[PDB]
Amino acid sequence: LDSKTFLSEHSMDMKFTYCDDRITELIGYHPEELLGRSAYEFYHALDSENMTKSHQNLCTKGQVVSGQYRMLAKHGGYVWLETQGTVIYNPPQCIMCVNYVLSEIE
């Protein structure tokens, strides 16, 4: 549960601006190699249209639960995850993601 949960932060274009180090012992990536890159680079092809839809829901509602999707692991295979996303607006500034790893690797 907890040791399977990490935070990431995203710009409104879905790029990583920050990621917890915890993503290393779970998916392989180092956070630094993640920034500047679209989350989109990483979804499995079959989840892509669904994530697009959640992103639309996230921008229109302001908070969403993604439902289940797969992320290309660092050293091959795909890890299942579920994410809670929350738009932080100020007076849209960024997207906070709470990411829970459902499964192990492939």
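Numbering starts at 1 and runs along the sequence shown.
Check whether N90 has no coordinates in at least a third of the other compared PDB entries of this protein, counting only entries that model residues on both sides of it.
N90: unmodelled in a third or more of the comparison entries.
Counting only residues of the deposited sequence, how many between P91 and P92 have no atoms in the entry (none, 1 to 3, 4 to 9, 10 or more)?
4 to 9 residues are missing.
Mean CA B-factor: is it higher for 32 to 40 or for 46 to 54?
The deposited B-factors put 46 to 54 ahead on the C-alpha mean.
Report the stretch with the higher mean CA temperature factor, choosing between 22 to 30 and 58 to 66 on the basis of the entry.
According to the PDB entry, the answer is 58 to 66.
Considering only modelled residues of the same chain, in which third does the CA B-factor of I95 rank: lowest, middle or highest?
Lowest third of the chain for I95's C-alpha B-factor.
Of the three thirds of its chain by CA temperature factor, lowest, middle or highest, which one includes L1?
Highest third - that is where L1 ends up once the chain's C-alpha B-factors are sorted.
Should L102 be placed in the lowest, middle or highest third of its chain by the C-alpha B factor in the entry?
Middle third, going by the recorded CA B-factors of the chain.
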